[PDB]
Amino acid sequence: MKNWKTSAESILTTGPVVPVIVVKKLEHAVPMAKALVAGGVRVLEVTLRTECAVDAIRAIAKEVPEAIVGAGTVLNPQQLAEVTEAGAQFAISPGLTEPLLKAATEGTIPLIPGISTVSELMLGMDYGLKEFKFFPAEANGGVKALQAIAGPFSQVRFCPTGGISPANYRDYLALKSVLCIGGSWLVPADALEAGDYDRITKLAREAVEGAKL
């Protein structure tokens, strides 16, 4: 993608786990980010699901240069522009649309959009995309659905998200078409409150080590 200095591919190959973060209290954002990085996890997807999401991205971009912070739940060009202005290095959407694909490919940061069907995948491919999220992974029919969906497209790569846990992420990572998975367990909503970051570091370290072979 000519307008993207950082490729979507590089974002996904950084590590085997991309945490799907929901941040309710802004003050927890930076420490949380540092804790994840200290555990070996650098690509951070801050979902636009709370009022302070954009401000958390901005704060993490400024105070934690060691993170590759991005946005999640980007639903339209308007939000895409807002997270870009805030410093997102990448954007994730749970699905795709023509206006979002047009705005993203014309913009400066990579978009890795979710798909659930081959038709949706083909529409992203019409805009030159090769990297996608497979969301909701389990609900779309998990590993087997993903193996079927990917069968006719040898060059495509995914980051399945949705119902993935330490119990099954290895099943996904074993696939040739999968580069990494998205998960919510590295940052327990209740771990935030009270200032419990060592817990988060530990979980991240275990996620990374549990991913090998």
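Sequential numbering from 1, following the sequence displayed.
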Using only the Cα atoms and their B-factors as the entry lists them, report which of 54-62 and 23-31 averages higher.
-> 23-31
Take the C-alpha B-factors listed in the entry for 178-186 and for 63-71, compute each mean, and give the stretch with the larger one.
-> 63-71
Taking the values straight from the PDB record, which of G87, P110, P94, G142 has the highest C-alpha temperature factor?
-> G142
Tell me, lowest, middle or highest third: where does the Cα B factor of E106 rank within its chain?
-> middle
Among the chain's modelled residues, which third holds the C-alpha B-factor of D126?
-> lowest
By the entry's values, the third containing the CA B factor of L44 is the middle
Name the third of the chain's ranked CA B-factors that contains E120, choosing lowest, middle or highest.
-> lowest
Assert third(CA B-factor, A38) within chain per record equals middle
